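S.K.: Compute the structure for the input listed below.
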Amino acid sequence: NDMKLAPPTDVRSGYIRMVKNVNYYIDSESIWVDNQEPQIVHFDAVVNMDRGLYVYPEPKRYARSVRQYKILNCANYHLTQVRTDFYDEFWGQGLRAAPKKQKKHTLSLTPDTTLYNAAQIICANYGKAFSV
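M.R.: Numbering: from 1, shown residues only. Below you will find the coordinate block:
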């Protein structure tokens, strides 16, 4: 209490920063385009946080960041949250802790949100070679 964090303002290489959330990044190495349907793209989002989350078995230990596995369908902008892991270092690495069960859901993305601008960037470089 309150265990606040000052998240890094220097962007680690390979990480693509979002406009709306300056602590929300796409991990560039993790991007995988689907072989069967090229419009489907899998990627990790990484969030460096404001406040340590004590999610670990040992409660002296707090996560500095989240790594979330996402699946994006560039045709309809449906975004599936697959998975979430907690890391004790920034940039989704370090000692890992995951929730007891994974909450999974698919959203239909709308304009003017962080996830939707993420999609715009992904689908313009990954699904296809350009935007429209």
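S.K.: from the middle of its chain, how far away would the lengthiest strand in the chain be?
M.R.: What stands out as the longest strand in the chain, according to DSSP state E, is strand 40-53. Here strand 40-53 is found 3 Å from its chain centre; the criterion is C-alpha atoms, centre = their mean, to the nearest Å.
S.K.: Now the element after that strand, going C-ward?
M.R.: strand 63-73 (DSSP states H and E).
S.K.: Whatever helix or strand comes next after that following strand: how far from the chain's middle?
M.R.: Next in sequence after strand 63-73, counting helices and strands by DSSP H and E, comes strand 78-89. Distance of strand 78-89 from the chain centroid (C-alpha atoms, centre = their mean) equals 6 Å.
S.K.: Kindly report the same for stretch 16-27.
M.R.: 8 Å.
S.K.: With stretch 9-26 instead?
M.R.: 10 Å.
S.K.: Just the residues contacting it, thanks.
M.R.: If you take C-beta atoms under 8 Å, 6 or more residues apart in numbering as the criterion, stretch 9-26 is touched by 7, 27-29, 43-50, 90-91, 113-114, 117-118, 121-122. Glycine gets a C-beta too; all of them are placed from N, C-alpha and C.
S.K.: what about dumping the CA coordinates of it to PDB?
M.R.: The C-alpha coordinates for stretch 9-26 follow below in PDB (Å, rounded to 0.1, in the frame of the first residue of the first chain):
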ATOM      1  CA  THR A   9       8.700   5.900 -20.800                       C
ATOM      2  CA  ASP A  10      11.600   4.500 -22.900                       C
ATOM      3  CA  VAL A  11      10.100   1.900 -25.300                       C
ATOM      4  CA  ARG A  12      12.000  -1.400 -25.400                       C
ATOM      5  CA  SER A  13      12.700  -2.500 -29.000                       C
ATOM      6  CA  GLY A  14      10.100  -4.600 -30.700                       C
ATOM      7  CA  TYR A  15       7.300  -3.000 -28.800                       C
ATOM      8  CA  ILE A  16       4.800  -0.800 -30.500                       C
ATOM      9  CA  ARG A  17       3.300   1.900 -28.400                       C
ATOM     10  CA  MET A  18      -0.400   3.000 -28.500                       C
ATOM     11  CA  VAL A  19      -1.600   6.600 -28.800                       C
ATOM     12  CA  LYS A  20      -4.400   6.400 -26.200                       C
ATOM     13  CA  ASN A  21      -2.500   4.300 -23.700                       C
ATOM     14  CA  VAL A  22       1.200   5.100 -23.600                       C
ATOM     15  CA  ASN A  23       1.700   2.000 -21.400                       C
ATOM     16  CA  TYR A  24      -0.100  -0.400 -23.800                       C
ATOM     17  CA  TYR A  25       2.100  -2.000 -26.400                       C
ATOM     18  CA  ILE A  26       2.000  -4.700 -29.100                       C
END
